[PDB]
Amino acid sequence: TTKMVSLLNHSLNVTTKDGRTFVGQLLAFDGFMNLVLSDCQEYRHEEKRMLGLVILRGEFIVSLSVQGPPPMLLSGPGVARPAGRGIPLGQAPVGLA
Amino acid sequence: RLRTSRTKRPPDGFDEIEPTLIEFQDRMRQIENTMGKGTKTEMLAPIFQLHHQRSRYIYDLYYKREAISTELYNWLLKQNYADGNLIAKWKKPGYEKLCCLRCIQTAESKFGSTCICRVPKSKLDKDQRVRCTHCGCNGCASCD
Amino acid sequence: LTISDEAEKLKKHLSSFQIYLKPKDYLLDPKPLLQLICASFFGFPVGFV
Amino acid sequence: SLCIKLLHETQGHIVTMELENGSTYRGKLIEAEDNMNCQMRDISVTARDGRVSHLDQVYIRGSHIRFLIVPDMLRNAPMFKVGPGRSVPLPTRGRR
Amino acid sequence: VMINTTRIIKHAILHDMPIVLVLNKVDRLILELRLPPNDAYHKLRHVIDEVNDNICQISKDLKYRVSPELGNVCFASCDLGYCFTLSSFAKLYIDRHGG
Amino acid sequence: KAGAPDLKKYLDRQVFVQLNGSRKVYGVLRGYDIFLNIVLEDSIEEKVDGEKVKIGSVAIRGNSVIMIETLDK
Amino acid sequence: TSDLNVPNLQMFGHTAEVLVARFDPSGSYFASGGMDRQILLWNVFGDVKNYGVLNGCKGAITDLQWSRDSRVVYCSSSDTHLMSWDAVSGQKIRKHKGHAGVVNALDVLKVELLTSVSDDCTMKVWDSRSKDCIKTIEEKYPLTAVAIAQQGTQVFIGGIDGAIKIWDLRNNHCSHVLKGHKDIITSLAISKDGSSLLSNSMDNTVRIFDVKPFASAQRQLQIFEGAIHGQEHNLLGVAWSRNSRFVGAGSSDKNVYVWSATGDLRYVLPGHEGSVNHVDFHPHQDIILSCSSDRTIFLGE
Amino acid sequence: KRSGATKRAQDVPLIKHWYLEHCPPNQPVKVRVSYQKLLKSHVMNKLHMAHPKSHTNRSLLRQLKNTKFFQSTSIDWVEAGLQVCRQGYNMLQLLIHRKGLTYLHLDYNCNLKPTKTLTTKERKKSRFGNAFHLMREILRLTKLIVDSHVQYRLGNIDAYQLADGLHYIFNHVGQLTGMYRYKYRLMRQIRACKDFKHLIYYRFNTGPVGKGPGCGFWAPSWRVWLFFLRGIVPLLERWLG
Amino acid sequence: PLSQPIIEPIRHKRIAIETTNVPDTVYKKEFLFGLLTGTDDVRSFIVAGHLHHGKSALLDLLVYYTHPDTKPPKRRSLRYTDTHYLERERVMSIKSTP
Amino acid sequence: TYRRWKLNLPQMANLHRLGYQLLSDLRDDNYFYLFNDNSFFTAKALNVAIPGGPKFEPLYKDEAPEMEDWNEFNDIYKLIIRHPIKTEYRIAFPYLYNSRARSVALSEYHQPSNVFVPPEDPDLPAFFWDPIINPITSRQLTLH
RNA sequence: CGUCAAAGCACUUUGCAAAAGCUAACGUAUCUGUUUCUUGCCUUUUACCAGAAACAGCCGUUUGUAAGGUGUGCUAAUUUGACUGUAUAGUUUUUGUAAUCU
Ligand SMILES: O=P(O)(O)O[C@H]1[C@@H](OP(=O)(O)O)[C@@H](OP(=O)(O)O)[C@@H](OP(=O)(O)O)[C@@H](OP(=O)(O)O)[C@H]1OP(=O)(O)O
Ligand SMILES: Nc1nc2c(ncn2[C@@H]2O[C@H](COP(=O)(O)OP(=O)(O)OP(=O)(O)O)[C@@H](O)[C@H]2O)c(=O)[nH]1
Ligand SMILES: [Mg+2]
Ligand SMILES: [Mg+2]
Ligand SMILES: [Zn+2]
Ligand SMILES: [Zn+2]
Ligand SMILES: [Zn+2]
């Protein structure tokens, strides 16, 4: 049931045993998957009804699906300074002399 | 370290090896008294010698002849009869015959390098096979 | 049980209530251990409310 | 459980709920249980067809509930973490 | 019950104020006084009776009567962090052991 | 586990019970169980037409109880 | 000849030799890392100051690669690991394990695919979330540098043998070798379009090869002399310009080398205090980045 | 408690509650005054309590151990004490000989006595300062303590005699060293040791146990001298430097 | 007098305990405002009794639960709702802090 | 490193038994009423001295008659003498019983009295009615 | 106790950094010094006497972090953190009062 927790705050549409559909934002679920939906709209065959905060029973629920993503360094020791390149008179690798 | 007559009795396997440890202690005392014939650091070389030898004796007791119980061996290390760090070095590959522990650490050298004794003789020239100044060591490397 | 230093018996009794403590918790001072046990056993003071 | 906690939160407000019949009830919630049995006052029942009646005191059994329309300002009710043994979602101060 | 408690009770009943009694520092009966459970119950009962007497000295109405069976008295140990009643502890039995 | 329903205030009062299938029974509540099984005495049944028959002592299974109603002010 | 405040800018930081410093694909940011087990993030334009450090790595940053999103950073460590650092928050995302030696090189794909080689004579390709090597290729001698084609089926791995191996991830047929080198290949870099490969080897010759399915024999285009490698056996980098007409390299002779892709030496500019591990060009302007084993990184034109 | 943090051995007073409480009745005047003076010192300490200031952890011993000129080992305490006494004596001898002051004799008990009658020139040249004399007297006290322990180790005295001797040493620094001359603020510590002696004595010699030698409860005086040394160490190091 | 400074030092007279910013709680402040404004869930009462019988500890019991940030002090009780340096000195409530 | 300890209950009980001569027997803290640190700070500030406690320097020497006047405020003419104002009052209530009250410090007013008496003999049960406690008989009440 | 996650773990050495924010024991302990004032004893200086203010030093403590050491392991051990964590076909949710038409 860990996956079910991942659906918190997502927007959900739930088909019911009646056949209606509630769409809204999930607030909290249950062991019997009682759902709490905020800002809920009703889909009665399509007719629109504002419901608001709605608690669905576990038995009433048939299926559910998501419709939207959930609403959503300190420092370092580095310091820069301009400088030029100094040409050496040698042509040899560092190890070899 | 020092044990009284009323102290807790050492484990069972101690008494048969007690006399030779006593001999080690006796000669350590003699080396303390013995003076002369060396520079400021050469006179202190035989100390490490005997110390390594004593620790090697205990190491030989456990790991090569299993003549002592594990309880007695932990007791011996806890009573400083052996150097735990030196034995730990002896238990890893490349340091089977380590002389002492000052010839492995690089913070005590001028140029941040180990001692000459740690170096295999095959890559060392014939002329520079000299006695270590730290402990008189004549070759630590496991190859030799 | 909390005071009298009975770790195993107290642990078993709390396990029966599904109250689970970390092993380092039984080795606490008597008074903070009492507070921890009482806060796990009797949660929010809902009786007063 | 958080859902029954919210249902308990609702008591004293006006909540609308519909049962397995299809009738919707509009009244003041006065009691609630873990089974979601509800006690109501001043109910205005709207039947499935549309007939409107009135009731004074009812004790609706929980098993015959489809959903409830909780008042909106309970959206900010706190959802507390529930341990294994705890049966009521409450603020915690012990281990968990 | 002390002198200021008596004054508070008198002024509250004189002003028609419901009173909820919290019997604090219960843990001192167990850890300090070391009373046996029965004598601890007697001590609690005596304190409640003293509060009820102080109430009755003003108005003998039954509306102002504090006693645990009315849910009007809470046993608390705020240092150890608990404050229960008869009904709260009873519920804490019921949730564990059924219906 | 289970839980006892709160019905002490409903005891020994004239009550109306709505069962499943559009039933309806009067009566005085006399007892209840964990599963809301209720017991009624000297009760009266309503039919769809509307005439009341004396139905008597009744022991309703709690599974079928839709609502329990009192009428007093 | 750019938007830089100064023609030449010295960057001071780090507590040991810096081994890699790579530009953001957008050309707005870049990071650096080395033997100090630390990653420093910088700002290309403005005051050029640090805005974050990436602590937690338990080893030297042998190589690192920016992500196309410019939001996550992948770092290769000498301690047989491959960490994924979130640039904008600085927390551990994931640590990919499975190698058996020092992870030498790293490369990223146009698709979240990572590739790497290590001294255990293996090559491993990683998904950004799999946390495990989905494909593994075993060789006989340790591998030193990788290049992944942006199209996503051919990988070029250069190692001790002095011959570049081309591996087809799907085909697993390897009977096609880009012979021509004679010593250790320090670095490989693919052209922007995906047609030419830049190779640097310890045999002192920087060579350029073509990356096409079809060839007219002797796939070797041309070689460049001068870039010499010291006795420290360092991993010297090579870079492809944004227009892929100037090829760059670093040499252990304190020289930064830029060639015109036609065999004519263009830049010989000195300026480093030690062996220069990495060199890179800006994808928008004519900036050249230097990274030497002297705790310093140079800006360019 | 049942859980703590292992305070240092000298951070445990063990008799603080004796004078933090009231004085027992029917005591001589000196005991009452001792109680009052110790309470005064405690109150003065508590009044000027400063919240500790933040600072990074630094320690001389770790810095010295980092160098190659210092080594480490484990030895008996009496051996370490003998070594410290001998080293201090050698150091004091080497400064009395790099001055040409070879006619002055520093005996093994740390007394500077000339070996011959001195002219005015020698007497003015051989005048040392407060730093040298203070350090010499501290060294003399240390040698007294280590010599007591050595006597106990030889079997010349038993444990009870050793404890009594140590208590006497710590209570009678002003009569055994003469260190007070070169730093007179030691008199506070001397007064404190006398006060502690009074408390312990009048709580020790009660009943069957009477007057005489034997009281060896030397922890309070010992920690008093430790806390004097804590403050005098930086001053002496600066002066000797 | 010599005591009067020429340049007065910057003095901020703090008398009570007061958190500069509102500490977090287990609930939301808007929720509490909704209960106070649009609900009958508000109870107004006083906590009274004798001296040192534990009435401030009763409120500390609730503060420990609603305010997770607060922690018990080292050597005494929290004594929330004291908020006066004088009361913290005498270790007893002198004012009626709501 | 020997930096933290955890002891059992029998061990702590036995240590408490062994070192029983060197620990207080108060467990109340009401014993130090006017003889604790804050009272001493107040006494030092006011220059008074409780006859069992320390004596300090005045800390405030500014009491010269610079005003040269009695201010007709503290004069006997208009003052009711009932009981002398002892210094215990001036230390207990520093801000009421004396003017010129600067640098004084306030102390804890009261503590709940401890009612724990340790058992005399272990054979008795831990929970036992002590005869010193008065019996609970209060048939002097008029309840509802 | 259980599940998930990442961290080798236990002990220990050294370096760096920090330690009141909401009135409160970094240390339930306790020394020394400087400057500016006021005192005590005083033939002058150090050395002193005892109170205050402002400053410092020393003996110590805690935490974070980095690199190592010893002993055991990676063919497993321990620690840390998080968790909406448990049964159950027999009325109150998950082993169907369903289909049938309208
Ligand atoms: O110096 P005081 O504190 O006054 O104590 C001295 C004396 O000390 P001196 O030897 O320094 O004079 C003894 O004390 P210790 O020498 O033993 O410390 C002795 O103590 P005991 O009798 O306990 O051995 C006794 O003190 P008291 O008489 O209080 O026991 C005596 O005191 P008087 O000076 O009063 O004779
Ligand atoms: N043993 C024990 N002590 C308690 C308990 N509750 C409070 N105390 C102690 O009671 C003392 C006073 O606590 P406070 O909360 O200040 O009591 P108060 O009534 O607010 O005091 P005032 O405000 O002056 O009247 C403190 O020592 C608390 O630790 C308890 O439940 N058990
Ligand atoms: Mg209060
Ligand atoms: Mg003169
Ligand atoms: Zn050697
Ligand atoms: Zn050696
Ligand atoms: Zn050597």
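Using ideal geometry, Cβ is built from the backbone for each residue, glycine included, and neighbour counts are taken over all protein chains shown. Values quoted throughout were computed directly from the atomic coordinates according to the rules given, and no laboratory measurement underlies them.
Worth a mention:
- A Cβ-based charge dipole, computed about the Cα centre of chain E with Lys and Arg at +1 and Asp and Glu at -1, lands at about 40 debye.
- Simple spin-label estimate for H:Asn111 and J:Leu79 in nanometres, 7 Å along Cα-Cβ: 6.5
- Computed on the Cα trace of the protein assembly as shown, the radius of gyration divided by the Kirkwood hydrodynamic radius gives Rg/Rh = 1.04.
- Each principal axis of the range A:1-72 carries a Cα extent, and these read 33, 29, 18 Å when sorted largest first.
- Each part reduced to its alpha carbon centroid, the range G:169-242 and the range F:30-58 end up 95 Å apart.
- Residues J:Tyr95, F:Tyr26 arranged by fewest to most Cβ contacts within 10 Å: J:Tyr95, F:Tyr26
- Angle between chain J longest axis and helix J:37-46 axis [Cα atoms, degrees, rounded to 10]: 10
- Sorted fewest first by neighbouring Cβ atoms within 10 angstrom, B:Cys137, B:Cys143 come out as B:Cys143, B:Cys137.
- Within the range H:1-120: Cβ-based charge dipole about Cα centre, in debye rounded to nearest 20 (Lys, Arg +1; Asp, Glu -1): 460
- With a simple spin-label model that places each label point 7 Å from the Cα along the Cα-to-Cβ direction, the separation between D:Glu31 and G:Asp193 comes to 8.4 nm.
- Toward the positive end of the charge dipole of the range E:17-99, with +1 on the Cβ of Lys and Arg and -1 on the Cβ of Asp and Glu, the farthest Cα among E:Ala90, E:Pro18, E:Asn54 is that of E:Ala90.
- Alpha-carbon gyration tensor eigenvalues x 5, square-rooted, for chain F, Å: 21, 14, 11
- Centroid-to-centroid separation of the range G:53-101 and the range I:57-73 [C-alpha atoms, Å]: 43
- Only the Cβ atoms of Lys and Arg (+1) and of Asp and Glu (-1) were treated as charged; on that basis the dipole of the protein assembly as shown about its Cα centre amounts to roughly 5400 debye.
- Which of G:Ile61, J:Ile50, G:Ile190 has the fewest Cβ neighbours within 10 Å, and the rest in rising order: J:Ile50, G:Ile190, G:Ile61
- Peptide E:26-39, shielding by other chains (average Cβ, 10 Å cutoff): 4
- Think of it as helices only: each DSSP H run of n ≥ 4 in chain H is worth -39500 (n - 2.57), and spread over all residues that comes to -18500 deg cm²/dmol at 222 nm.
- Among H:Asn111, H:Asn66, H:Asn90, residue whose mean-square fluctuation peaks in a GNM of chain H (springs only between Cα atoms under 10 Å): H:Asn66
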